[PDB]
Amino acid sequence: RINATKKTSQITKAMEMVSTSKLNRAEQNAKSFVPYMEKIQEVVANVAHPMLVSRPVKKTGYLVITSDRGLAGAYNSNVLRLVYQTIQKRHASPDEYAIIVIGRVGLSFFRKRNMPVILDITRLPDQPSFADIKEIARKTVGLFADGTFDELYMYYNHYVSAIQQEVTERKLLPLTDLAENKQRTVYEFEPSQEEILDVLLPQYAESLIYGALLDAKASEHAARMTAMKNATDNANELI
Amino acid sequence: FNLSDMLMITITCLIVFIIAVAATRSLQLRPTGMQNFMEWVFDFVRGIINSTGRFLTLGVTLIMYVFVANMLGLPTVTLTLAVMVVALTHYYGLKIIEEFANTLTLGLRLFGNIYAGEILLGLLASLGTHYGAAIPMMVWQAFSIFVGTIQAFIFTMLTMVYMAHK
Amino acid sequence: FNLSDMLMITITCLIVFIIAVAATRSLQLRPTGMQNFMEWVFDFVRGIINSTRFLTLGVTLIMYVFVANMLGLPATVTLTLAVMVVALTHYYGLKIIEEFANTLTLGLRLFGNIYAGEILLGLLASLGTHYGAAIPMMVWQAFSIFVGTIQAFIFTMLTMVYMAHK
Amino acid sequence: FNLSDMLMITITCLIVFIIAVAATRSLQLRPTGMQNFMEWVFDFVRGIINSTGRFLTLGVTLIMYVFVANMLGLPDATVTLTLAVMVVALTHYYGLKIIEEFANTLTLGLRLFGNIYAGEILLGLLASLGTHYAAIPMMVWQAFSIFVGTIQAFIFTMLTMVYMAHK
Amino acid sequence: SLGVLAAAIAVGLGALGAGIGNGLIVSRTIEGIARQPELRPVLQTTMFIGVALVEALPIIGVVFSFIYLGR
Amino acid sequence: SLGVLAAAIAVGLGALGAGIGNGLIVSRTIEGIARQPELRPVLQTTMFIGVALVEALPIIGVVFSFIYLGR
Amino acid sequence: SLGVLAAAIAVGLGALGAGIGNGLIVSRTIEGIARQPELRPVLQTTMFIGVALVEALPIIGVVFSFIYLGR
Amino acid sequence: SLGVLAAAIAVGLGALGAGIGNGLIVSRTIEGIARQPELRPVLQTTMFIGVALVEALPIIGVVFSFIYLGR
Amino acid sequence: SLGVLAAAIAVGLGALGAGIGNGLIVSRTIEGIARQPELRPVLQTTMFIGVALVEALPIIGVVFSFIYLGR
Amino acid sequence: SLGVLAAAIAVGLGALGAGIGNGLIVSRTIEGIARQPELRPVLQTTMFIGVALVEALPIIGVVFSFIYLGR
Amino acid sequence: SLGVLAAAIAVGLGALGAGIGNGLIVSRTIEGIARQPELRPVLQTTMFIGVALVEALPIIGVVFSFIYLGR
Amino acid sequence: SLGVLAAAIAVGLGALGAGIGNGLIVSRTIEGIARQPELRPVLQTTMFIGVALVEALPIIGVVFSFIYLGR
Amino acid sequence: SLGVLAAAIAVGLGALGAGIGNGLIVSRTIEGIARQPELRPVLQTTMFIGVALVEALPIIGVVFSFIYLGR
Amino acid sequence: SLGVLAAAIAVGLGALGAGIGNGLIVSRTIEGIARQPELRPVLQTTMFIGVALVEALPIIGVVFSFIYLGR
Amino acid sequence: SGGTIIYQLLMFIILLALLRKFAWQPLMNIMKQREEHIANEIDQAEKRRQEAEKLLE
Amino acid sequence: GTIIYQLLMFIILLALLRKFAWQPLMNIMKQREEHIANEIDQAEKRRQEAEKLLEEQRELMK
Amino acid sequence: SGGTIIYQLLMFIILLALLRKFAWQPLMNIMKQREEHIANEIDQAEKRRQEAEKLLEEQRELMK
Amino acid sequence: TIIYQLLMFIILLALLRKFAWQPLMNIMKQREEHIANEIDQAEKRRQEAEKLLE
Amino acid sequence: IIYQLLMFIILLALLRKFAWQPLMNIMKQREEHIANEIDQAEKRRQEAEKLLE
Amino acid sequence: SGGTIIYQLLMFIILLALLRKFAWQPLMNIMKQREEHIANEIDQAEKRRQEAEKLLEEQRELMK
Amino acid sequence: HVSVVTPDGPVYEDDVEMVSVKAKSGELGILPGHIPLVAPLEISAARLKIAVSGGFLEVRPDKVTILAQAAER
């Protein structure tokens, strides 16, 4: 008993330390990703169409974020519970109950619940690169452009503190809330504004698909570290 | 009266009648041969009317008669036809006099196109007979008939637009 | 001298005087009716001057020319007015010859606009009396009044920009 | 025949002869002086031909001949017409559209002749004015006439190359 | 009697105007089809209706010129 | 006399003006249709509105030319 | 004698000027309609107003042409 | 005696120039209005200012034609 | 007498109009072919029909000029 | 006399040129104002200087025409 | 007598049309070539079909003018 | 003696050629002023040099016309 | 003695056409080289060949004018 | 006799064409310098060669006109 | 001008009426009958499918 | 006759234009006067409210 | 009775022969394509009806 | 006639100015001064109230 | 055309033929300089590889 | 016109001299630029060959 | 500055006095003091005086930045 609990405490503390190191590693990428987002936001605000206005809705896809492995406190569960609640509330029809999953646990939960998975992706590294997500983002944005759905949404956890992993939601839907920049500079167009916007909009969509997932990875690492530290302290006091 | 013009009008009327009889000789669910061409032209005129039913028959007969008139020339009436079309369009439902002026102008333009084609063909034929450009004469007849056809469809489209506006 | 021109000038001056007296009959912090119109002309001329001391001169000139153009509804003067405006602009502060010709050209343009309007109106009235185009006559008078209003505004703006340049 | 025109043509032939002889008087590895200019013009015509080998030879001969023809005018229509006809025949033999193309070739030759005659007429008018009675305006006229002649020669060479490529 | 000259002048003016009109119309529809290949049938039907519309009046001008030459 | 020449000159000038105006008015329409194909009906409404306004001057001109030729 | 020729050509360039004039007036109208359909009524008011001044000068000529014809 | 055709060409040229100027004016101002729905009164006021500016030489030409006809 | 001048005027005006029309047409086809080279054949064809359409009135003008010269 | 016709031709040519130039100027000023809504002062000064330089020639032309007519 | 003048006006109008044609052609092709530096040979080929199509008519005009001047 | 006619038509042609040139010159300058205000002096100098260059041939034509009228 | 007038008219027409063509071509290639400086050699070569092609016809016109004046 | 007026019309058309030419030329180069301020000397040199190239022909026309006037 | 305009209009009206009542009514009726037969066949197929589904249920 | 005809035409024109021009000019003048009065009484009410607030603050401090 | 009418008739006959020999196929294949589209629609409707009837019979047999 | 017309125009302009335009300008300046005085009084009262409260 | 043919034959023959023969003496030498330099560099690389072995 | 031809020839010679006085430097500069380009192209290859040979000799000495 | 930026991070941020680039509309030669404009790249190898494989090109008279993904030297 004593040996077993000591071994469990040791291994849990060690892998919690690994989780903290992974959090520290991911924080660098999270802090370094900003300049691209700042530049694209400024350019889009300066410049500004099918995907710029709403339309009569008929279906809605629900993007979600989860983890390949479990062993988390609320990361993979709070988002799932909130998504299921809002789906059962709003999307009464199964046609409007369209969903998209990115995590293995979410995939298993939706397969058990018998949900119509349209597109999925799993087996991703701790610190992902663009090319591993570019194909999925392009597929989703092309589906939206062709018009299978009429509204997009993402659910995940945003990293605000190591002990606080707040859950929120965004809108990858037709772009309405654009923050006008203070210094509105008027540019010229070589291939004309219609084509400029038609090319830029998917770029903005597949850039907005980022940032959120980096924050989600940071939040999941923080939750793992905190839960494992709590478990290690519990094992130590039980021993 | 104009005996030659009356005889020509009767000739076109008889040609249109026999063409209609041949097209509607038999009726079934399978249009082939001449029936295929009749179905094709009916579909084309129906699509034109939809783009710009009750007047579909009138459009079909006017197109057929003007095509027969253009074809006959290969070997007053236009003004009367334009006046009748304008009266029918008005009765179906300075602006009015302006619209009548445009209708008369369109009729006179079609008449002038046919007259110019006929004059050029006659001059070429007389020149060849007196002192024989068979290939250029054939080309001349070819694009004169082509231009007459496009003028016919243009007049039909203009009449349909005027009727829709009225 | 020109007795008719002198009488017309005196009538226009009297009309301007009575209009100014009626506008300035009373003063208060709330301008209504004619007072509101005077306030809005003052605001408009002040805005024009700001966009492009002489505000009262511009207002008086605008009123004078507006009354003069309105009186025509029922060349020497224009030349004198242009010369006086040019002299005032010069005294306030090849190429010089062209600059001097430009003011006379503007004055002559205003004179010619009013002359063409008056000639057309007189010819139309004489023709109608001899053998009645009431609606076209009213349209012509309204068009001439509008053209004169734009010409007056353009003359005021040109005087303002010339003074600013000088 | 035209004795003066024949003598002038022989003069241009001899001038081209001595120019080519002087250009290729000595052979070495580094082209300098006249050799440098010859290498530069050879590279220029080679690049023009590549843009639009076997025909670079007579291309260079034609360019030099028209350059000399423009040259002696500073101090004829039959020759230009014959040259255009010969060029058209050579292009046809190397390989109403044909009649039209021949008309355009004759028009290009006549345009070169017309530019030459415009320069000659300007010079003759200046000489007549001098006889009736402008060194700087005469210098400007001579300079821009020679310049326009050089550009016309280049344009004729390019058009001939294009026609040969099309054929 | 200068009637032939008058008729020829009218015919030439009509020809110049018609040439300018067809050049403009057909150049614009060429630009359109180059821009978007999908709308080709609509572009051509608009092409023909427009060219007939512009060429209408010069035909009447030529007819009047022939009448004047006869007179 | 000179009446025939005057009438022909008037007819030719009117024809040239009408042709140029109609061509310019219709040129942009193909590009507009190619850009948005959905506005086809309203584009034909503005087709057949205003073309008559442009052509009104040529019609009055040729009528006056015929009057002058009659003298 | 020459007055009839003078009067006939007087409305000649006037028709040509008016036709060439308002031709560009309506071509830009459709361009705004194609770019934005919600502003259809406001554009129509401007073009209807604009053509009035475009044809204003020829109206002066035709009346003056009648006077020249009479003399 | 022959000043009638002089007056005629004067008024015709003036009208033609005024028509071209007005057509360009209205085309560009309505294009700008379509580009930006706001500043409509500013655009209209500036366009009337431009119309008054352009309609200056033709009026003087008409007056010159009148006095030449008188002579 | 005047027939030669009439024929020359007609031929020149027809040549002017044809030159303008063909110039615009093949310039815009070059613009399109530079835009996208893939549709090169269909642009060449459409420009063939365009050239055939524009070069129609000048032929009739030349024929009428020959007839008038004969007269 | 003939000098009256000469002066009228000169006046008409000058009026046409001035109208074309100043119409182009004012249309471009409208375009510039639409592009930048806060450059009205400098735009207006440039407008007036441009029309002044453009119309400089027509005044001298009119003066010379009057001198020739007097001659 | 008048035949030489008729021939001169014919060749002048033909030159006008031809020059305007190929000038516009080569200008638009320069613009396209500067847009796309590669794909030069296809445009350089289309040069000459375009120029020949533009210049076909004026050669016939010049031949007819020479024939008329002979008479 | 048509010397007055010659001088007046020469002056009118010179003015007509000049005015459009100056207007088309200054239009693009004001467009550039609207586009980028920071280069006003250099565009002003280029404008003035362009107008000075353009208004050279009309001056020589005016002097030649005066000489011809004297002769 | 009308041959001199015919030759002068032909020369003037040819000069105007050549000027228009050369202006269009060199103005377009100015922007062509302004957009990308690295293409200057190719752009200037096609520049020169194009202006030569444009000026080809005016030389023939001048030659024909000289022949007519001599005749 | 008519040689003076022949020279006058020749120089008038030459000046008009040259004016349109260099006006277009200066407008395009001014647009170019507005586009890219760093290429000022090279744009200036290109415009300087272009103006001479376009204006070459009108000088020859003026010389021919002077010769005709002497004749 | 002439006096054949009234005769031409009467002939056109007579030709319209005769051609209509002779061929146009039969041809239009045949086309409408073919369209109605296609619609009836589609409706019969749909009814058969619905009956099959009901029998399966 | 011509003078009286012109006078009658002018009177008819004025009568016709009265109905079509009274509403726009009166509406514009009323809007301008309303804007001026709005500025004036907004300033007056702001001053009165500021004075009342000053008095209330003094009373509260006291 | 001049030969102009005979010459025009001969030219028309030659033009008709050339037009037939050069454009018989383009019109014939278009007409055949329209007929084939109509026949394909009719055959699709008939096949759908037959399949529905067969499915109904099979369902009835399975129920029985 | 030109000199007399110019003198009459100058005299009329001066008389109209000194009779009404000076009084009209005085009235306009009085209205503007009243508005400015009201604005300044409001600003001063607000500043004094803020200072007293603080 | 005989004299023009003689002159053109000379221009395309003889003189220009010999001139093209001499211009090769410079062009081929300039090319062979670089060719020999490349060959020597390759030989030196082979020697360096042999030293490494 | 023997005297006119001689005067024209003298004027052309003077014009050629005046034009050369301003054009001798640019043409010579262009020729010198071409010569410098060719010389640099040859010298780069020569230096590359020499450096390769020196490197081979150094490698052989190190191997020995 | 002709600094390029990718979602992973920056690649090069050096200064330059000459910029060349092939865009979808055509080739562009950028100089300091250029008017602001926007142009999209189409699998082009931008050269300064690297590859882009899809991206956007913005220009400012001060400096130019080419934001794109999958860019290597």
# chains A, B, ... in the order shown; residues from 1 in each chain; ligands from 1

$ residues_around --residues "region 7-16 of chain S" --least-positions-apart "4" --cutoff "10 Å" --atoms "only C-alpha atoms" --output "VMD selection string"
(chain D and resid 9 to 10 12 to 14 16 to 18 20 to 21 24 57 to 62 64 to 65 83 86) or (chain S and resid 1 to 3 20 to 22)

$ write_last_selection --atoms "C-alpha atoms" --output "compact mmCIF listing (two decimals), in the first residue's frame"
# COMPACT_ATOMS: atom_id res chain seq x y z
CA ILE D 9 25.31 51.46 -104.66
CA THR D 10 28.88 50.48 -105.56
CA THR D 12 28.06 51.67 -100.31
CA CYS D 13 29.28 48.18 -101.22
CA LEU D 14 32.91 49.32 -101.06
CA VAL D 16 30.81 48.07 -96.23
CA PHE D 17 33.78 46.13 -97.61
CA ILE D 18 36.39 48.35 -95.97
CA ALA D 20 34.14 44.82 -92.42
CA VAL D 21 37.82 44.42 -93.33
CA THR D 24 38.04 41.85 -88.78
CA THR D 57 24.56 36.44 -91.31
CA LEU D 58 22.40 38.10 -93.96
CA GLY D 59 20.58 39.90 -91.15
CA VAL D 60 23.85 41.58 -90.21
CA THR D 61 24.67 42.28 -93.87
CA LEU D 62 21.26 43.91 -94.40
CA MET D 64 25.08 47.21 -92.24
CA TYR D 65 23.90 47.95 -95.78
CA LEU D 83 15.68 45.08 -101.92
CA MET D 86 14.46 40.23 -102.86
CA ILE S 1 18.61 43.35 -110.98
CA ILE S 2 21.94 41.88 -112.08
CA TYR S 3 24.05 44.53 -110.35
CA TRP S 20 32.04 35.74 -89.54
CA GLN S 21 35.05 33.43 -89.73
CA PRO S 22 37.19 36.01 -87.86

$ calpha_fit_and_write --fixed "chain Q" --moving "chain T" --output "PDB file with C-alpha atoms, in the first residue's frame"
ATOM      1  CA  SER T   1     -33.012  40.903-117.502  1.00  0.00           C
ATOM      2  CA  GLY T   2     -34.237  37.347-117.996  1.00  0.00           C
ATOM      3  CA  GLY T   3     -30.780  35.843-118.415  1.00  0.00           C
ATOM      4  CA  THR T   4     -29.356  37.697-115.417  1.00  0.00           C
ATOM      5  CA  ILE T   5     -32.230  36.506-113.212  1.00  0.00           C
ATOM      6  CA  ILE T   6     -31.701  32.891-114.306  1.00  0.00           C
ATOM      7  CA  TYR T   7     -27.955  33.158-113.679  1.00  0.00           C
ATOM      8  CA  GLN T   8     -28.614  34.639-110.231  1.00  0.00           C
ATOM      9  CA  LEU T   9     -31.046  31.820-109.423  1.00  0.00           C
ATOM     10  CA  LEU T  10     -28.504  29.192-110.498  1.00  0.00           C
ATOM     11  CA  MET T  11     -25.779  30.892-108.449  1.00  0.00           C
ATOM     12  CA  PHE T  12     -28.100  31.007-105.430  1.00  0.00           C
ATOM     13  CA  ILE T  13     -28.883  27.295-105.829  1.00  0.00           C
ATOM     14  CA  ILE T  14     -25.163  26.483-106.020  1.00  0.00           C
ATOM     15  CA  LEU T  15     -24.568  28.674-102.959  1.00  0.00           C
ATOM     16  CA  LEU T  16     -27.316  26.869-101.046  1.00  0.00           C
ATOM     17  CA  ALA T  17     -25.800  23.503-101.971  1.00  0.00           C
ATOM     18  CA  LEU T  18     -22.319  24.618-100.892  1.00  0.00           C
ATOM     19  CA  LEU T  19     -23.619  26.009 -97.592  1.00  0.00           C
ATOM     20  CA  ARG T  20     -25.628  22.836 -96.962  1.00  0.00           C
ATOM     21  CA  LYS T  21     -22.515  20.725 -97.578  1.00  0.00           C
ATOM     22  CA  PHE T  22     -21.012  22.303 -94.434  1.00  0.00           C
ATOM     23  CA  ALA T  23     -24.175  23.055 -92.418  1.00  0.00           C
ATOM     24  CA  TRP T  24     -26.101  19.767 -92.685  1.00  0.00           C
ATOM     25  CA  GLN T  25     -24.102  18.147 -89.875  1.00  0.00           C
ATOM     26  CA  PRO T  26     -24.473  20.939 -87.248  1.00  0.00           C
ATOM     27  CA  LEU T  27     -28.234  21.427 -87.661  1.00  0.00           C
ATOM     28  CA  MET T  28     -28.837  17.669 -87.656  1.00  0.00           C
ATOM     29  CA  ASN T  29     -26.629  17.390 -84.564  1.00  0.00           C
ATOM     30  CA  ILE T  30     -28.656  20.070 -82.761  1.00  0.00           C
ATOM     31  CA  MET T  31     -31.913  18.338 -83.701  1.00  0.00           C
ATOM     32  CA  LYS T  32     -30.502  15.001 -82.522  1.00  0.00           C
ATOM     33  CA  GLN T  33     -29.420  16.584 -79.230  1.00  0.00           C
ATOM     34  CA  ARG T  34     -32.938  17.926 -78.667  1.00  0.00           C
ATOM     35  CA  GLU T  35     -34.438  14.535 -79.549  1.00  0.00           C
ATOM     36  CA  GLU T  36     -32.023  12.772 -77.186  1.00  0.00           C
ATOM     37  CA  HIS T  37     -32.926  15.183 -74.383  1.00  0.00           C
ATOM     38  CA  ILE T  38     -36.644  14.521 -74.896  1.00  0.00           C
ATOM     39  CA  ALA T  39     -36.095  10.754 -75.100  1.00  0.00           C
ATOM     40  CA  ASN T  40     -34.017  10.760 -71.908  1.00  0.00           C
ATOM     41  CA  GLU T  41     -36.682  12.822 -70.136  1.00  0.00           C
ATOM     42  CA  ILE T  42     -39.365  10.295 -71.106  1.00  0.00           C
ATOM     43  CA  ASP T  43     -37.205   7.245 -70.351  1.00  0.00           C
ATOM     44  CA  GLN T  44     -36.284   8.489 -66.870  1.00  0.00           C
ATOM     45  CA  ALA T  45     -39.965   8.716 -65.919  1.00  0.00           C
ATOM     46  CA  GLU T  46     -40.710   5.320 -67.474  1.00  0.00           C
ATOM     47  CA  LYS T  47     -37.827   3.676 -65.600  1.00  0.00           C
ATOM     48  CA  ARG T  48     -38.837   5.364 -62.340  1.00  0.00           C
ATOM     49  CA  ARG T  49     -42.402   4.068 -62.688  1.00  0.00           C
ATOM     50  CA  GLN T  50     -41.188   0.546 -63.499  1.00  0.00           C
ATOM     51  CA  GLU T  51     -38.760   0.533 -60.558  1.00  0.00           C
ATOM     52  CA  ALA T  52     -41.460   1.794 -58.189  1.00  0.00           C
ATOM     53  CA  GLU T  53     -43.838  -0.944 -59.354  1.00  0.00           C
ATOM     54  CA  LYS T  54     -41.142  -3.600 -58.907  1.00  0.00           C
ATOM     55  CA  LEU T  55     -40.350  -2.312 -55.410  1.00  0.00           C
ATOM     56  CA  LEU T  56     -44.050  -2.392 -54.510  1.00  0.00           C
ATOM     57  CA  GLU T  57     -44.327  -5.982 -55.750  1.00  0.00           C
ATOM     58  CA  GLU T  58     -41.243  -7.007 -53.760  1.00  0.00           C
ATOM     59  CA  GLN T  59     -42.595  -5.338 -50.613  1.00  0.00           C
ATOM     60  CA  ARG T  60     -45.953  -7.089 -51.049  1.00  0.00           C
ATOM     61  CA  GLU T  61     -44.203 -10.443 -51.504  1.00  0.00           C
ATOM     62  CA  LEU T  62     -42.145  -9.825 -48.358  1.00  0.00           C
ATOM     63  CA  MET T  63     -45.293  -8.885 -46.426  1.00  0.00           C
ATOM     64  CA  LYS T  64     -47.115 -12.031 -47.586  1.00  0.00           C
TER      65      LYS T  64
END

$ closest_residue --among "N:71, N:48, N:54, N:35" --to "chain K" --atoms "only C-alpha atoms"
N:54

$ residues_around --residues "residue 22 (chain F)" --least-positions-apart "2" --cutoff "10 Å" --atoms "only C-alpha atoms" --output "JSON, numbers by chain"
{"E": [17, 18, 21, 22, 24, 25, 50, 51, 53, 54, 55], "F": [17, 18, 19, 20, 24, 25, 26, 27, 50, 51, 52, 54, 55], "G": [19, 20, 22, 23, 24, 27]}

$ write_last_selection --atoms "C-alpha atoms" --output "compact mmCIF listing (two decimals), in the first residue's frame"
# COMPACT_ATOMS: atom_id res chain seq x y z
CA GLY E 17 -21.26 56.13 -86.96
CA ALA E 18 -22.24 52.48 -87.35
CA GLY E 21 -21.02 51.76 -82.55
CA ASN E 22 -20.28 48.15 -83.46
CA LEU E 24 -17.68 49.77 -78.97
CA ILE E 25 -20.41 47.15 -78.46
CA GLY E 50 -27.45 45.49 -79.22
CA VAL E 51 -25.72 45.46 -82.60
CA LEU E 53 -30.35 48.16 -82.20
CA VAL E 54 -27.41 50.42 -83.03
CA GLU E 55 -27.31 49.50 -86.73
CA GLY F 17 -24.57 61.19 -83.31
CA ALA F 18 -27.26 58.59 -82.66
CA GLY F 19 -24.92 55.71 -83.42
CA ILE F 20 -22.17 57.02 -81.16
CA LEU F 24 -21.66 54.40 -75.65
CA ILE F 25 -24.91 53.88 -73.73
CA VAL F 26 -24.96 50.14 -74.37
CA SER F 27 -21.22 49.44 -73.98
CA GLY F 50 -33.07 56.38 -71.95
CA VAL F 51 -32.20 54.88 -75.34
CA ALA F 52 -35.37 56.54 -76.63
CA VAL F 54 -30.97 59.67 -76.71
CA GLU F 55 -32.60 58.82 -80.06
CA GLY G 19 -26.59 62.50 -78.78
CA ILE G 20 -22.87 62.34 -78.05
CA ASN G 22 -26.18 62.25 -72.96
CA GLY G 23 -24.57 59.01 -74.16
CA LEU G 24 -22.11 59.15 -71.28
CA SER G 27 -23.69 54.79 -69.18

$ atom_distance --atom1 "CA of residue 9 (chain E)" --atom2 "CA of residue 14 (chain N)"
24.9 Å

$ atom_distance --atom1 "CA of residue 21 (chain B)" --atom2 "CA of residue 23 (chain O)"
6.8 Å

$ residues_around --residues "residue 69 (chain M)" --least-positions-apart "6" --cutoff "8 Å" --atoms "only C-alpha atoms" --output "list in words"
residues 3, 4, 6 and 7 of chain M

$ residues_around --residues "region 9-18 of chain C" --least-positions-apart "5" --cutoff "12 Å" --atoms "only C-alpha atoms" --output "PyMOL selection string"
(chain C and resi 2-4+23-25+59-72+76-78+81) or (chain R and resi 4-21)

$ residues_around --residues "region 40-44 of chain I" --least-positions-apart "3" --cutoff "10 Å" --atoms "only C-alpha atoms" --output "PyMOL selection string"
(chain E and resi 30-31+33-34+37) or (chain I and resi 26+28-30+32-34+36-37+47-50) or (chain K and resi 42+46)

$ write_last_selection --atoms "C-alpha atoms" --output "PDB file, in the first residue's frame"
ATOM      1  CA  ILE E  30     -15.351  40.650 -75.802  1.00  0.00           C
ATOM      2  CA  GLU E  31     -14.022  42.049 -72.530  1.00  0.00           C
ATOM      3  CA  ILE E  33     -16.584  37.037 -72.157  1.00  0.00           C
ATOM      4  CA  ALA E  34     -12.856  37.199 -71.415  1.00  0.00           C
ATOM      5  CA  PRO E  37     -16.614  32.416 -69.707  1.00  0.00           C
TER       6      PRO E  37
ATOM      7  CA  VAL I  26      -8.588  43.481 -81.760  1.00  0.00           C
ATOM      8  CA  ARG I  28      -9.685  44.403 -76.539  1.00  0.00           C
ATOM      9  CA  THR I  29      -9.148  40.819 -77.695  1.00  0.00           C
ATOM     10  CA  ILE I  30      -5.418  41.316 -77.075  1.00  0.00           C
ATOM     11  CA  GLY I  32      -8.373  39.530 -72.890  1.00  0.00           C
ATOM     12  CA  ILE I  33      -5.796  37.115 -74.307  1.00  0.00           C
ATOM     13  CA  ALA I  34      -3.198  38.735 -72.054  1.00  0.00           C
ATOM     14  CA  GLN I  36      -6.241  34.616 -69.612  1.00  0.00           C
ATOM     15  CA  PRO I  37      -4.441  32.730 -72.426  1.00  0.00           C
ATOM     16  CA  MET I  47     -13.276  38.456 -82.865  1.00  0.00           C
ATOM     17  CA  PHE I  48     -13.803  36.888 -86.300  1.00  0.00           C
ATOM     18  CA  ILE I  49     -17.573  37.346 -85.997  1.00  0.00           C
ATOM     19  CA  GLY I  50     -16.979  40.816 -84.558  1.00  0.00           C
TER      20      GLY I  50
ATOM     21  CA  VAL K  42       1.766  35.129 -78.784  1.00  0.00           C
ATOM     22  CA  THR K  46      -1.252  38.766 -82.880  1.00  0.00           C
TER      23      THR K  46
END

$ residues_around --residues "residue 99 (chain C)" --least-positions-apart "5" --cutoff "10 Å" --atoms "only C-alpha atoms" --output "list in words"
residues 86, 94, 104, 105 and 162 of chain C; 52, 53 and 56 of chain J

$ interface_residues --of "chain S" --to "chain T" --cutoff "8 Å" --atoms "only C-alpha atoms" --output "compact mmCIF listing (two decimals) with N, CA and C atoms, in the first residue's frame"
# COMPACT_ATOMS: atom_id res chain seq x y z
N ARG S 30 36.62 33.49 -76.14
CA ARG S 30 36.00 33.95 -74.90
C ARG S 30 35.22 32.83 -74.22
N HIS S 33 37.71 30.17 -72.77
CA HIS S 33 38.33 30.57 -71.51
C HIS S 33 37.53 30.06 -70.32
N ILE S 34 36.22 30.32 -70.33
CA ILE S 34 35.36 29.87 -69.24
C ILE S 34 35.27 28.34 -69.22
N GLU S 37 38.41 27.06 -67.69
CA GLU S 37 38.40 27.34 -66.25
C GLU S 37 37.53 26.34 -65.50
N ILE S 38 36.35 26.03 -66.05
CA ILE S 38 35.46 25.06 -65.42
C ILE S 38 36.11 23.68 -65.39
N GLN S 40 39.33 22.98 -65.39
CA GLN S 40 40.41 23.01 -64.40
C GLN S 40 39.86 22.96 -62.98
N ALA S 41 38.74 23.64 -62.73
CA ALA S 41 38.11 23.57 -61.42
C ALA S 41 37.64 22.15 -61.11
N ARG S 44 40.67 20.11 -60.25
CA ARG S 44 41.11 20.43 -58.90
C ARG S 44 40.21 19.80 -57.85
N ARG S 45 38.90 19.77 -58.09
CA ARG S 45 37.98 19.10 -57.18
C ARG S 45 38.28 17.61 -57.11
N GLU S 47 41.22 16.26 -57.62
CA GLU S 47 42.46 16.14 -56.85
C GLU S 47 42.20 16.27 -55.36
N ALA S 48 41.31 17.20 -54.97
CA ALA S 48 40.96 17.34 -53.56
C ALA S 48 40.27 16.09 -53.04
N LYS S 50 40.75 13.05 -54.18
CA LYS S 50 41.81 12.05 -54.06
C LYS S 50 42.63 12.27 -52.80
N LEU S 51 42.91 13.53 -52.46
CA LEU S 51 43.61 13.83 -51.22
C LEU S 51 42.78 13.40 -50.01
N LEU S 52 41.47 13.64 -50.05
CA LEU S 52 40.60 13.22 -48.96
C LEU S 52 40.62 11.70 -48.80
